[PDB]
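Have a look at the structure below before the remarks.
Per chain, numbering begins at 1; letters A, B, ... match sequence-line order. What you see below is based on every heavy atom in this structure, not just the backbone, and it leaves out hydrogens, waters and symmetry mates.
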Amino acid sequence: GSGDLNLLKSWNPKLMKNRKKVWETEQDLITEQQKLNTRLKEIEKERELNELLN
Amino acid sequence: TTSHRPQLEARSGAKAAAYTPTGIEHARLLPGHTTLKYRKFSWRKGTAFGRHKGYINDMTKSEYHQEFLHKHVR
Amino acid sequence: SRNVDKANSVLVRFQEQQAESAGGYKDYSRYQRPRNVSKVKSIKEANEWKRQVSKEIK
Amino acid sequence: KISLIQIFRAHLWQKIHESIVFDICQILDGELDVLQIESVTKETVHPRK
Amino acid sequence: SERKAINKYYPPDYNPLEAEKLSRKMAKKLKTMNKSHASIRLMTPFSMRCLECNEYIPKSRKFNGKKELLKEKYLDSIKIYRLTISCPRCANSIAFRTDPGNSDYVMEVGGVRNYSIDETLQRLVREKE
RNA sequence: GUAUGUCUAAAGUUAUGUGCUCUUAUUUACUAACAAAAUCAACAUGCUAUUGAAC
RNA sequence: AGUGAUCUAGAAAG
RNA sequence: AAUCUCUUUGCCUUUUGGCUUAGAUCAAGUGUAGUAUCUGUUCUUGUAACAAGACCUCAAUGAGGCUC
Ligand SMILES: [Mg+2]
Ligand SMILES: [Mg+2]
Ligand SMILES: [Zn+2]
């Protein structure tokens with residue numbers, strides 16, 4: 001036994017299980033944020049249309 | 001390195017002789033062999049090269065070692 | 001695992017509780033010392049906390 | 001051993017037993033007059049039961 | 001008893017539920033249940049240099065270190081931990097913390113390595129683009 | 001194969017100068033001595049090309 | 001046209 | 001308290017203390033096998049009349065004093 005001890009530690013961010021956890025959390029937040037930015041562009045366009053009307 | 005040392009002198013058996021046995025029954029010291037014995041008192045022309053034209057006291061160079069290497073390394 | 005999370009297992013803690021109930025035994029070094037002294041009423045247990053402070057300053 | 005105590009962690013066996021006992025008692029209560037029952041008593045059973 | 005013992009002895013009066021409730025009342029007063037860090041064995045994840053005494057610490061050196069869960073979380077979801085060792089020559093505390101977003105580590109105190117959630121969400125969206 | 005080491009509780013003084021209540025692991029989860037020599041199961045059934053203002 | 005021939009079995013420490 | 005110092009020789013005077021697969025490796029989406037615990041809500045009436053430590057003696061020192 002001569003390998004990296006930290007591959008058996010739960011807290012090690014290098015581990016693929018931790019990378020997977022981080023990545024899935026990030027995907028949830030990213031999809032929510034993409035939806036948010038789409039609708040916020042719609043708010044910006046609505047403002048522009050009201051200013052064009054006035 | 002200082003834990004890892006050669007043997008300068010061996011432990012003397014005189015130390016073990018200085019105190020008595022402590023009564024542990026070892027299996028190999030149980031009775032056994034309890035009685036002593038005592039004595040009585042044409043086609044072969046077409047080729048360029050045809051005929052038509054031990055012991056030593058070194059283990060490593062002995063023929064057995066050469067044969068062993070040719071057998072077990074391949 | 002180590003000595004610490006073995007000693008803080010449920011069985012050990014329950015045995016500590018049962019021992020302080022059934023025979024009054026309590027290794028005070030396990031337990032956090034009272035910040036305010038006046039909440040302690042027994043002379044015996046106050047002196048034992050005093051002993052804890054003594055070994056701490058040593 | 002590790003896998004099965006991981007499944008039955010935090011006293012799930014006793015929880016299953018208590019919940020099923022309560023479910024049978026609580027539905028027998030809803031049929032007390034139907035089955036002519038004077039009383040339904042959930043018993044104070046020993047924890048290892 | 002062996003390492004892999006199946007059964008432990010419970011006294012005949014032992015109720016597990018009451019025992020856990022009593023041990024929970026006890027746990028709030030025990031010293032070693034309430035101290036702020038967990039001791040661990042870990043390897044040095046990268047080559048680092050102590051700042052007090054300039055000692056070089058190579059990667060993959062084993063240490064006895066202290067683990068702290070921090071209050072802050074990466075994107076308010078993922079646990080960040082500080083990992084604290086002490087310098088082998090001069091015993092000064094060296095600390096570093098996990099960096100989950102980079103899947104990496106970042107230095108904190110006592111040493112140097114050799115060689116914002118809204119903004120993070122925006123950066124992640126641009127990265128996905 | 002879940003290291004290990006030191007410390008202390010000592011003794012007072014050895015004679016002179018009970019509540020409530022969450023829980024579909026919501027755990028700060030811990031240990032690495034252990035093993036590492038991985039390839040049968042792959043893969044679709046036939047290959048692509050495009051637009052400049054003005055004198 | 002059918003006769004038979006029947007190994008095993010788990011614990012500790014490292 | 002009776003000499004002291006330098007060079008060159010001789011003495012080495014802090015003058016490398018075992019073994020094996022150079023012991024192995026420069027390294028792994030790790031796998032595998034054990035031992036634990038949860039986490040968290042959350043708390044204990046006014047006015048009037050009437051009444052009331054020192055010293056001494058015995059001696060393991062405490063009881064007594066129109067005492068203060
Ligand atoms: Mg070993
Ligand atoms: Mg060993
Ligand atoms: Zn240093």
Distance test, side-chain N/O of E:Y81 to OP1/OP2 of F:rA29, below 4.0 Å:
yes
Regarding A:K35 and A:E32, does a basic nitrogen lie under 4.0 Å from an acidic carboxylate oxygen?
yes
Report which part of the nucleic acid E:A38 touches: base, sugar-phosphate, or nothing (heavy-atom distance under 4.0 Å, all strands).
base
For A:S2, which contact category applies under a 4.0 Å heavy-atom criterion: base, sugar-phosphate, or nothing?
base
Proximal nucleotide (of F:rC30, H:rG18, F:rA10) relative to the C:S1 side chain
F:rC30
Should D:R9 be listed as having a side-chain N or O under 4.0 Å from OP1 or OP2 of F:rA25?
yes
Would you say A:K17 places a side-chain N or O within less than 4.0 Å of OP1 or OP2 belonging to H:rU30?
no
Please measure how far the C1' atom in H:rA54 lies from the corresponding atom in F:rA11, and state the result in whole Å.
38 Å
Tell me what E:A5 touches on the nucleic acid: a base, only sugar-phosphate, or nothing, going by heavy atoms under 4.0 Å.
sugar-phosphate
Hey, does E:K62 reach any base, or is it just sugar-phosphate, or nothing, if we go heavy atoms under 4.0 Å?
sugar-phosphate
H:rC19 and H:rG23: how far apart are their P atoms, nearest whole angstrom?
9 Å
Within the structure, does a side-chain N or O atom of E:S60 lie under 4.0 Å from either OP1 or OP2 of H:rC26?
no
Among H:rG34, H:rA36, F:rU21, the nucleotide that comes nearest once only the side chain of E:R3 is considered
H:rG34
Nearest-neighbour nucleotide for the E:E20 side chain, H:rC38, F:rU8, F:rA29 considered:
H:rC38
When rounded to the nearest 0.5 angstrom, what distance separates CD in E:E55 from CD1 in E:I94?
8.0 Å
Side-chain N or O of E:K25 less than 4.0 angstrom from OP1 or OP2 on F:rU18?
no
Mind checking who G:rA5 pairs with, Watson-Crick or G-U wobble, both distances under 3.5 Å?
none
For the structure I just gave you, are F:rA29 and H:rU35 base-paired, Watson-Crick or wobble, with both distances less than 3.5 Å?
yes
Assigned partner base of F:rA32, Watson-Crick or wobble definition, under 3.5 Å:
H:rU32
Which nucleotide, in any strand shown, forms a Watson-Crick or G-U wobble pair with H:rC55, with both distances under 3.5 Å?
H:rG65
Taking the side chain of A:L8 as heavy atoms from C-beta outward, which of F:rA32, H:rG34, F:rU28 is closest to it?
F:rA32
Nearest to the side chain of D:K1, heavy atoms from C-beta on, is which of H:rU35, F:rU21, F:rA9?
H:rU35
Please work out which of the three classes, parallel, tilted or perpendicular, describes the rings of E:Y105 and E:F46, given edges at 30° and 60°.
perpendicular
Would you classify E:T98 as touching base, sugar-phosphate or nothing, given that sugar-phosphate means primed atoms plus P, OP1 and OP2, and contacts are heavy atoms under 4.0 Å?
nothing
From A:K41, A:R47, A:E48, residue fulfilling side-chain contact (heavy atoms from CB on, under 4.5 Å) relative to A:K45
A:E48
Counting only side-chain nitrogens and oxygens, does C:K6 get under 4.0 Å of the OP1 or OP2 atom of F:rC30?
no
With the side chain defined as heavy atoms from C-beta on, E:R24 is closest, among F:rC30, H:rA36, H:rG40, to H:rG40
Counting the atoms with a prime plus P, OP1 and OP2 as sugar-phosphate, which does D:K15 contact under 4.0 Å by heavy atoms, base, sugar-phosphate, or nothing?
nothing
Contact class for D:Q6 (heavy atom, under 4.0 Å): base, sugar-phosphate, or nothing?
base
Nearest listed nucleotide, side chain of A:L15, among H:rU30, H:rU37, H:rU35:
H:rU30
Charged N to carboxylate O under 4.0 angstrom, E:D104 versus A:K14?
yes
Can you check the distance between F:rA32 and F:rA3, where both ends of the measurement are the P atom (answer in whole Å)?
9 Å
With heavy atoms under 4.0 Å as the rule, sort E:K4 into base, sugar-phosphate or nothing.
sugar-phosphate
Sugar-phosphate only, base, or nothing, as touched by B:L8 at under 4.0 Å among non-hydrogen atoms
base
Regarding the side chain of C:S9, the nearest nucleotide among F:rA3, F:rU28, H:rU37 is H:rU37
Checking H:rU30, F:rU2, F:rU28 against the side chain of A:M16 (C-beta onward), the nearest is H:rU30
Nucleotide of F:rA32, F:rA9, F:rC30 approaching C:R51 most closely (side-chain heavy atoms)
F:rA9
Between B:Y55 and B:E63, do the side chains contain an N or O donor and an N or O acceptor separated by less than 3.5 Å?
no
Assign C:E56 to base, sugar-phosphate, or nothing according to its heavy-atom contacts below 4.0 angstrom with the strands shown.
nothing
Could you measure between the two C1' atoms, the one in H:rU32 and the one in F:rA36, and give it in whole Å?
10 Å
So E:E2, base contact, sugar-phosphate only, or nothing? Heavy-atom distance under 4.0 Å.
sugar-phosphate
